[PDB]
Amino acid sequence: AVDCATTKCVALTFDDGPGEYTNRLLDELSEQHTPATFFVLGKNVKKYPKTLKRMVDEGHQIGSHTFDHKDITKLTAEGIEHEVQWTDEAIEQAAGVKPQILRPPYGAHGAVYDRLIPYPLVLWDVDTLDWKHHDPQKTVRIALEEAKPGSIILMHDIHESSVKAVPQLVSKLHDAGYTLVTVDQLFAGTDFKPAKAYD
Ligand SMILES: CC(=O)N[C@@H]1[C@@H](O)[C@H](O[C@@H]2O[C@H](CO)[C@@H](O)[C@H](O)[C@H]2NC(C)=O)[C@@H](CO)O[C@H]1O
């Protein structure tokens, strides 16, 4: 519904879910009427079919974070294929959709490896560092002050503070004139290709 070339857009992304906090995170997002992108771990997906179905039905985007969060630069072609495909089949069985984007674990990637990934590689330009400090106030502060039009903000769906940060983060971005979108919406009208990395 929105042209991110026209207006200030941001994509809120969450890695390494789903887990125990995902449904409450989904509650906050719903409450704020805010779509997000979840880069899910293949291995967690199998424990959370309902929750992934919920992501799809409530307008969020699901991307791949590989199966078990391994550094793809150290894997064989076989291992990478497994990382990609097992995660796809997991997501598909659980939610009925296949991911259209992949985020490489630890941001580690390279042309020779990316060639083997059937999706666009999606990185980030804002690292909230929530994985390290687990702190909702600092998560908000970094996201808010570092965000730019077209930014992709990296957060992790692995702890409480992401649930706690969303109301304040969404409120402050909105008030600053930003619209929150999925990665898909963010890249509509821009080139976005398989085996290519974007942040
Ligand atoms: C040297 C380096 O790459 N440092 C940071 C990465 O460790 C970091 O990746 C995140 O590391 C966490 C601890 O192992 C993981 O829990 C987290 O899932 C992993 N991130 C992702 C996207 O897989 C990245 C991203 O935050 O930043 C680097 O600076």
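Cut-offs used in this document
- Residues numbered from 1 in each chain as written, not as in the entry; some residues may be left out.
- Heavy atoms only, no water.
- Residues with missing side-chain atoms left out of burial classes, pairs and counts.
- Buried < 20%, exposed > 50% of the residue type's maximum accessible area, 1.4 Å probe, protein only.
- Helix = DSSP H or I, 4+ residues; strand = E, 2+ residues; numbered from the N terminus.
- Arc of directions from axis to C-beta.
- Contact = heavy atoms within 4.5 Å.
- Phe/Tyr/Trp six-rings, centres within 6.5 Å; stacked < 30°, edge-to-face > 60°.
- Core = buried A, V, L, I, M, F, W, Y, C linked by side-chain atoms within 4.5 Å.
- Near = heavy atom within 4 Å.
- Polar contact = N/O pair within 3.5 Å; in protein donor to acceptor, adjacent residues only side chain to side chain.
- Areas by Shrake-Rupley, 256 points an atom, 1.4 Å probe, with all protein chains shown as cover.
- Nonpolar A, V, L, I, M, F, W, Y, C, P; charged D, E, K, R; others polar.

Per the deposited record, the coordinates in this entry were obtained by X-ray crystallography to a resolution of 2.09 Å.

K.L.:
Help me out: how do you make sense of helix 3 (residues 49–57) in this one?
P.N.:
Counting along an α-helix, one turn takes 3.6 residues, and residues three or four places apart therefore face a common direction. For helix 3, the complete set of buried residues consists of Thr 51, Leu 52, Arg 54 and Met 55. Taken end-on, helix 3 shows its buried residues confined to a sector of 150°, consistent with a single buried face. Within helix 3, the exposed residues directed more than 90 degrees away from the buried face are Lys 50 and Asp 57. The secondary structure elements touched by the buried residues of helix 3 are helix 1 (22–31), strand 2 (37–40), helix 2 (42–45), strand 3 (61–64) and helix 4 (77–95). Once helix 3 finishes, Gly 59 follows within two positions and takes phi at roughly 90°, a positive value.

K.L.:
Just checking my understanding: could you explain the environment of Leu 121 for this structure?
P.N.:
Its place among the elements puts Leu 121 in strand 4 (residues 121–122). For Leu 121, a relative accessible area of 0% translates into the label buried. In the structure, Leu 121 is positioned 76 residues away from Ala 197 in sequence and 4.4 Å away in space, judged by C-alpha atoms. If we skip the residues at most four places from it in the chain, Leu 121 touches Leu 102, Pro 104, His 109, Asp 114, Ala 195, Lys 196, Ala 197 and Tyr 198.

K.L.:
How should the packing of aromatic side chains be read in this particular structure?
P.N.:
Geometry of an aromatic ring pair is reported as the spacing of the ring centres plus the angle between the planes. This structure, assessed with the given rule, holds 5 aromatic pairs. When the centroid spacing of 5.5 Å and the interplanar angle of 85° are considered together, the rings of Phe 67 and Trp 86 count as edge-to-face. Highlighted residues: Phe 67 in the loop between strand 3 and helix 4 and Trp 86 in helix 4, separated in sequence by 19 residues. Taking the centre distance of 3.8 Å and the plane angle of 10° together, the rings of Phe 187 and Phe 192 count as stacked. Taking relative accessible area as the criterion, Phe 187 reaches 12% and is therefore assigned buried. The exposure class of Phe 192 is partly exposed, given its relative accessible area of 22%. One aromatic cluster is present, formed by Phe 187, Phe 192 and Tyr 198 through successive ring pairs.

K.L.:
Where do I start with the environment of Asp 157 in this structure?
P.N.:
Its place among the elements puts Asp 157 in the loop between strand 6 (151–156) and helix 8 (160–175). Sequence separation between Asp 157 and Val 122 is 35 residues, and the spatial gap between their C-alpha atoms is 17 Å.

K.L.:
Is there a simple way to think about the nonpolar core in this case?
P.N.:
Here is a general trend for soluble globular proteins: nonpolar side chains tend to be buried in one another's company. In this structure, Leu 12, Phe 14, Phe 38, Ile 153 and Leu 173 are the most contacted members of the largest nonpolar core, which totals 33 residues. Elements supplying a minimum of two residues to this core: strand 1 (9–15), helix 1, strand 2, helix 3, helix 4, helix 7 (136–146), strand 6 and helix 8. If you tally residues by element for this core, the top one is helix 8, at 6 residues. If sequence neighbours within four positions are ignored, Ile 153 has contacts with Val 10, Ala 11, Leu 12, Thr 13, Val 126, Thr 128, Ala 143, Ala 147 and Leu 173. In terms of nonpolar packing, the next biggest core, distinct from the first, is built from 12 residues, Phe 39, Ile 101, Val 122 and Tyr 198 among them.

K.L.:
I tried to follow the site of the ligand on my own but got confused; where do I start?
P.N.:
Looking at the ligand, the residues that line it are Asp 15, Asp 16, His 65, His 69, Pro 105, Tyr 106, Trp 124, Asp 127, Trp 131, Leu 154 and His 156. One nitrogen or oxygen atom from the side chain of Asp 16 is found 2.4 Å from an oxygen atom belonging to the ligand. Take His 156: an N or O atom from its side chain is 3.5 Å from a nitrogen atom of the ligand. If the ligand stood free it would expose 590 Å²; the protein chains cover 61% of that surface. A class-by-class count of the residues in the shell around the ligand yields 5 nonpolar, 3 polar and 3 charged.

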